[PDB]
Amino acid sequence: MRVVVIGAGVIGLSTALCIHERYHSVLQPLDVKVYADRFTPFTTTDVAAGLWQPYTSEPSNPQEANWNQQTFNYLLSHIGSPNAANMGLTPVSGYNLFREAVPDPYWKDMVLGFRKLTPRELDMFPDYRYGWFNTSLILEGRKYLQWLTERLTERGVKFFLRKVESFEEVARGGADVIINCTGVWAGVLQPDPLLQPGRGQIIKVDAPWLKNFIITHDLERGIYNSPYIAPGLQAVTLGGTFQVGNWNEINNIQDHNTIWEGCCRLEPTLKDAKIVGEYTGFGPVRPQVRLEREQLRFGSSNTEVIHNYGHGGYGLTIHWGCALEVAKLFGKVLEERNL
């Protein structure tokens, strides 16, 4: 059939590949197109800090916690392969700092080497008085997208620069199944007021001497609203602002002063570090991920649509669970239609 995938971020390409891997052979070719108005380096995925860490509390949906662990073990299976780093993948250890005792997270056993910080370690951080150490994985969004873009291309999947104006335009274009991987902009094709823009701004620096990640938490302020330092492959990511409901795509001086001063308080060696750039992106924030099937009809046309959007703060930490799951839903469509 004719599958169209709208969106070239981590969700869009994890999904296009996951589907194509399973539902393709040499005498059952599955025609996949990828329509998208933004490709790497210009997606929200290229901004993502890179790191694998879910939210501290165990999530409401029991499927989301599976999607996290399935994602972790999928990436961890590549650690030791010659091409881990070429996917944007490498191991990284680090600190999570709190201003007060909190329960161990639900993923203490998912990560490698979890443990509490000793008193000696906590004096390294004057402003904080409790926390953890653990080993995890960098998945550099910019790289992973380059790699996924190439695996798709080897397999014959084709890409088109195209702003989809409605699901119908793509339906009349002659598309049997559509995968809706438009992230924060999903609300334009079909309204969805539960989906807000999580506006985060980051500073990227050269500070290759920084090797561990350092993630502070403010529980009052919620996730990403407190300084984090994340070592990348070529550069350190500096962050600490996340504004839910702000659609301003401009970088601004208020966020710079917050990220810069907060991060220099943790890591004073950053006074020298050259700023390479500053970027803003929109987490597709949503109380839950919309990952479901929905048939549509129009005047001269009708179609099958699968949603994969609203991952918010955890696109890379969950993309593969979400993709495996879309490919099953897609399997159901081919089962029901005698293909």
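Each residue number is its position in the shown sequence, starting from 1.
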query: Residue stretch of maximal mean CA temperature factor, 291-299 vs 47-55; finding: 291-299
query: Residue stretch of maximal mean CA temperature factor, 323-331 vs 7-15; finding: 323-331
query: Residue selected from 115, 204, 142, 99 by maximal Cα B factor; finding: 99
query: Member of 281, 62, 312, 277 with the greatest C-alpha B factor (per the PDB record); finding: 62
query: Entry-reported Cα temperature factor of residue 262, expressed as the chain third it lands in; finding: lowest
query: Chain-relative CA temperature factor third for residue 167; finding: highest
query: Ranked C-alpha temperature factor of residue 184 among modelled chain residues, by third; finding: middle
query: Residue 74 by Cα B-factor - lowest, middle or highest third of the modelled chain; finding: middle
query: Chain third (lowest, middle, highest) by recorded CA B-factor, residue given as residue 107; finding: middle
